[PDB]
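This text opens with one protein chain seen in two forms, each one given by itself as structure tokens under the names structure 1 and structure 2.
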Structure 1
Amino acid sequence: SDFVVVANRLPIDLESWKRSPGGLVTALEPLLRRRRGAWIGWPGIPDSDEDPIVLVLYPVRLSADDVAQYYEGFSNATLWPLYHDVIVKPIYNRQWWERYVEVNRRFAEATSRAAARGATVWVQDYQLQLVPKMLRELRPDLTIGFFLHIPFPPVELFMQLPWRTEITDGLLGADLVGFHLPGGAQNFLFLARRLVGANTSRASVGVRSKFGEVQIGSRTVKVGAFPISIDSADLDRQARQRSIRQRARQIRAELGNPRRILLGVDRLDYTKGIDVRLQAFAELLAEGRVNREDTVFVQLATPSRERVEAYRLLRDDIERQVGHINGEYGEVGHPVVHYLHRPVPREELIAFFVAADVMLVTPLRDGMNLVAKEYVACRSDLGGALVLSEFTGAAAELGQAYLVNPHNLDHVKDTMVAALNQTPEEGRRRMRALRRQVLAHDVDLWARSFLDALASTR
């Protein structure tokens, strides 16, 4: 293989198979499926095999302890809570870190058994931050690039991590290190100067331009900001099949023809602000500011990481909110909140985007968020309204949505009422400006921006 991708997930998921969750699959699978090459990742279950399925995929077998301590543990109960501004208190555990080190080392060695000479390797995300340095040690001929799909925290918080130095050096084994936002890339150059003691650049980093540099002995490390997106054009087009439109109409009938339909779509994850949108909706019903008989909210929540107790805690609290709200304001035969805890099939989800008057995307912190960009591409009729949290990476590109600080609950409620009350002229004006950005900045633009930057490092 002249070209290898390394990520924890594969594009499939074993139960028989299934699509893997998350936006890294949403974006990489359409891109790489078009590109013959190799992919290394975990089959989503413990103690599988290492036999490939044919592009070419290589499964990494993880033991029961690898999953609990590197995946559920160091990755999702240390790195994840902390990188999103310690929403949940992180846990610092030495056995999780020791297992983190060892799994990353097995990934670096699976890449080597795949990476031909001089090949181009591309490593993905927070679970695999030591692989750049490990892989260079084994394999100094490779061109290595790394993209983090989650935010990179402020310096004062990253320094909590007992292994702050080994994570930084792990990332600097690559030739190019990328982030969604210039904010993440500037956090990084700071931490390189003020922890590993390297010479870094001092200007600010640009979007797909004005890249920074770190000087590591006899090597030079490039740093950049590359905001990911979706395969905008296929989705825009898939949303125009007569079947989807006719299905959107049937959805609103199955609900008893409300005047306004509000929607949320997310993995069930404490970053996502699902609890914020429910509380704001409940206080709006309480205040008589929405009509409880012709207005309804649907929440499509995908189960995620449910053996982590911070997720089961969140699940318990969100379920309580749904029975509470319906208990007070619904009628028999007529909830005001419809709550579903499973992954919807792609075509059924597109109908929901089309049926929805108001999209609710309220994360407390999010590296990017592709649900926001998917809704915008699905509305070639220019109806709808996107209520967008400013703590997402998308608010930097989607300025024409209605933008909220999710911690100001009055601002959330105010902005929900305005989106419900927008004029046709105002809603179409915004949906046009938002659609023009998303169609121009798709996943193609993002992938060619990163790998042309990586190619220059040679």
Structure 2
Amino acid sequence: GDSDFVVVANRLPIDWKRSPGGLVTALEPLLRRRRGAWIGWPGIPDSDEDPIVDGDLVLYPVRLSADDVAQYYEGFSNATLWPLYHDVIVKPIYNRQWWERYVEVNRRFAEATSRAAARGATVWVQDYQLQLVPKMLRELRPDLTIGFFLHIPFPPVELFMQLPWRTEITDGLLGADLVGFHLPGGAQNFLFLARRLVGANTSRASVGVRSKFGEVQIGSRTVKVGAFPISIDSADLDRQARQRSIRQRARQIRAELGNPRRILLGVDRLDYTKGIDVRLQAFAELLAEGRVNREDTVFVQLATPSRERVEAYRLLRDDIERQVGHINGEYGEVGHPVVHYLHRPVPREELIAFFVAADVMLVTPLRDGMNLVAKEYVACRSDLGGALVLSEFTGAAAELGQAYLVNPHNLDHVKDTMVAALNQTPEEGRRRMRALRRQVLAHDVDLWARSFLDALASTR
């Protein structure tokens, strides 16, 4: 093809209209200097595969049938790999037909990439749905420079080894010149896996942050291994949260809640990895114990619907919704719930207004690759108000140490911490938020993307 920089991801960066923010916006000044392409599925079943010139980008759509989506995406990706890589919170399903479709779809992505990529081009493959693509691509196109970044956690070897296709996934990733993870921990698991399962020679030292890279020796070539913690466009969110309409909506939100003294907020895709049940349990017990005032404190949980065709998620929804009904029936009043729960997509401007209104942000995943909601909250609070309660089991906890960190399995401490955040002095709240903002403003998605691409370019 005629593109010298190519991104490969499960989805095209569109909604059709181009998706705002995220990866595609981080790369904007690189596309202004390269002939760029994006390979992905357009998000609707059985489409054409004809290239679309989106001015700054050429889009190469990948055709997936409804059956492909069911077995490669909802199946192998969402119901085999996802629960396994997140510490088997739910039991992975090992299904051979799903594996076979995952292989076929990965090959299709690899072929689309080759079609788009010029000779010697740089290719950046994204995330867990496409772990076979680097090896497949190198076999098709040995001229290419290939990076891979995993956006979800990489599990310990004891769990990874469960996968019947463990060796094929590992060989898949080793097809890259650069394999990156958010955290040194994932990088180190990958190195150990390479030694244990593949018998490759690797470096033994700890892996640094955006530095002190590891290496895997594969025949004549070396695979670089690194940690690059993703972030957001901090400055842009900071600006957006100051808009008059956002601030007026935040005020209106508080009015509609009957002007509570304190608002706790949860914002997540409805997923068992997100620890929404832990928040509700802690809040319920604090109310029972009279440690939170049911008359002036309210918890808002915004759950975005997710993976409805996957049975585990329907069961999760049932459990969360029971907790909500239960807590309100026990501690609410007619015309005044203590928990407001919404199960629907939320426009970004509405989410930002909730960040601005929220006195306590509850981000309590059982396991999460990074979690950008934590960083978005921080970027929105230029008033230095608010408080972030953050699970240690997120990538974000490695950078946001000034937050109120919790082990979500330690319910006693989660409860103590919610009380502490709710009752913090203004000065202490400001001190923490000021320190968190310094980190998030300085370590943004631009720093992340440049660091990964510099590392990848270094493999030439």
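Sequence positions of structure 1, starting at 1, serve as the residue numbers. If you superpose the two forms and keep the largest set of C-alpha atoms that fall within 1.5 Å, you have the rigid core.
**Message:** Rigid core superposed, CA of residue 26 - does it shift 2 Å or more between structures 1 and 2?
**Reply:** The answer is yes; the displacement is at least 2 Å.
**Item:** Core superposition result - C-alpha of residue 49, shift between structures 1 and 2, Å
**Value:** That residue's C-alpha is offset by 2.2 Å.
**Asked** In Å, how far apart are the CA positions of residue 386 between structures 1 and 2 with the rigid core superposed?
**Response** With the rigid core fitted, the alpha carbon of residue 386 is displaced 0.2 Å between structures 1 and 2.
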